[PDB]
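Overview (structure and organization)
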Amino acid sequence: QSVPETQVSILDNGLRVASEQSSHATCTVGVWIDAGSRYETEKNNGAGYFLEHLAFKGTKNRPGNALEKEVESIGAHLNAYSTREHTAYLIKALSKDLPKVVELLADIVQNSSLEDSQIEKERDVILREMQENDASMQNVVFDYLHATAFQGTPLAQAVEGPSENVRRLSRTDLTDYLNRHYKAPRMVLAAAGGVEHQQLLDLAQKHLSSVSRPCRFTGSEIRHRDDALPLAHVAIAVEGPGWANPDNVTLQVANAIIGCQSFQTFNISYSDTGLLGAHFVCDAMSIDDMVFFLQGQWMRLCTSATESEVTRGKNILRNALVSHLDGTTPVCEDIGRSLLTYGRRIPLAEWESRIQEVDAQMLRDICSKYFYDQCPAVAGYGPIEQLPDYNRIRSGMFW
Amino acid sequence: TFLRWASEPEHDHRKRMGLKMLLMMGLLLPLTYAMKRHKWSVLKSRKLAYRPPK
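Residues numbered from 1 in each chain as written, not as in the entry; some residues may be left out. Chains lettered and ligands numbered in written order. Part of a larger assembly, values for the part shown. Heavy atoms only, no water.

Looking at the PDB entry, one finds chain B named Cytochrome c1, heme protein, mitochondrial, with Mus musculus as its source organism.

Spelled out, the test is: UniProt positions are given in the numbering used here, feature names are shortened, and annotations may be inferred rather than shown by experiment.
Taking the PDB entry as the reference, chain A is identified by name as Cytochrome b-c1 complex subunit 1, mitochondrial belonging to Mus musculus. The UniProt entry for chain A carries the following text under Subcellular location: "Mitochondrion inner membrane".

This is the structure in structure tokens:
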């Protein structure tokens, strides 16, 4: 595969600058930060989201629309996102523009300016959208599959936070989150595409060299009944192994075996925890039959796998998790997480080796370890009266 | 005592059955109740909340 290895050179502050040169002419230079809603302490539950809104509204060097203007003029796309564990600010731009794609990113992580005036507006923006964020039923289901599964922990609370905090937030608080969770050893400068690693390392030395230097799963159930909705969304999960756990790969193959309606499957991983399960949307009348169907399948893998199907699963995984030339953005993203989670970029050859070592016996062993006789977390929203209660799903978790 | 004996040749035996019976129910009831309380705890802990969209 002649994979372009990801050369990662570290910095004094610890930016762990990394890179994976590629022929593509445009590149994606991003900053990842190990800071999410898991690091918030319920008094600043929307600080990362609201800082993610404020981060493009001007820094000392780029007051007002300067930031957006320049990153617009250069012709680059500026994006940012926040999860429960990671925050990313990345720019897709013509490689030659690295010089500015990097200096701009430096401002966004440090020297940022949180104009109180702007703060006011972003508050309104976040709040109002949240007032409508309820339209994204799936996100709702998935932010309760989190609340009821991680009750009492910082992993239950959402990325956006409760409207309460959103309204009650001030520059100083933000400043704290910014000055507390934006440390240089918890930061990765990732570059993918037409970039040279030595030039990127010199730019990180020139700019960004200033950056300062028991989660538990609770088998439970939340049922939001609202019978006026046309469709019902139900998510059932168990405790995922984690990000670093080796068995994650044998679980991905299991998901590739499974693949009523919109019956997706997810393996969300956080630092030594996670949610492994399925989300499906169905007319109310069929919710119970779906559930029965789904539980039977998990059970099928646990006791009755087949090399053929495993193969089907290994192959789909193989065509997946490539993140290679899939594009600068995706690749950079993967590197961004790989340096934050694993501490290194796992190459695709190692992924292929870990895929080909998976057989049917260890797949049903790992599935029995993680699915069989486990207490799930259930989150339902919509006409969910025929959704079975916890004893029936409890009993369907075993044969 | 004898006339009693004839009227119930199993006075003793019935009483042996009653002893073991007591013991058996004595172990089954508490346990069954416990289970009754496992499978009913789920509901007995259910917390309902009304959230009109308001």
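So much for the structure itself; the text now carries on.
Here we look at the environment of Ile384(A)
All names here are of chain A. For clarity, the threshold we go by: Labels follow the DSSP assignment, with helices taken as runs of H or I lasting at least four residues and strands as runs of E lasting at least two, numbered in each case from the N terminus. Here, residues are in contact when the closest pair of their heavy atoms is within 4.5 Å.
Along the chain, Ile 384 falls in the loop between β11 (377–382) and α15 (390–396). Residues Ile 384 and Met 397 lie 13 residues apart in sequence; the distance between their C-alpha atoms is 20 Å. Residues in contact with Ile 384, not counting those within four places in the same chain, are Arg 223, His 224, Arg 225, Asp 227, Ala 232, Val 234 and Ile 287.

Focus: unusual backbone geometry
Residue and element names in this part refer to chain A. To keep things clear, this is the line we draw: Only protein chains enter the accessibility calculation, which uses a 1.4 Å probe; a residue is then buried when its area is under 20% of its type maximum, exposed when over 50%, and partly exposed in between.
Of note in the backbone geometry, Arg 16 takes a positive phi value of approximately 45 degrees without being a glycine. The topology assignment puts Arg 16 in the loop between β1 (7–8) and β2 (18–21). Among the residues examined, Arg 16 registers a relative accessible area of 19% and is labelled buried.

Remarks on the packing of aromatic side chains
To describe a pair of aromatic rings, you give the distance between the ring centres and the angle between the ring planes. Residue and element names in this part refer to chain A. The condition is simple: Centre distance within 6.5 Å is the pairing criterion for rings of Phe, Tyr and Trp, where only the six-membered ring of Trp is used; planes under 30 degrees apart are then read as stacked, over 60 as edge-to-face, and the remainder as tilted.
According to the stated counting rule, one finds eight aromatic pairs over all chains in the structure shown. Here the aromatic rings of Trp 298 and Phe 371 are separated by 4.7 Å at their centres, their planes lie at 25 degrees, and the arrangement is stacked. You can see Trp 298 sitting in helix α10 (residues 287–303) and its partner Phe 371 sitting in the loop between α14 (360–370) and β11, a full 73 residues away along the chain. The buried category is assigned to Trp 298, whose relative accessible area is 2%.

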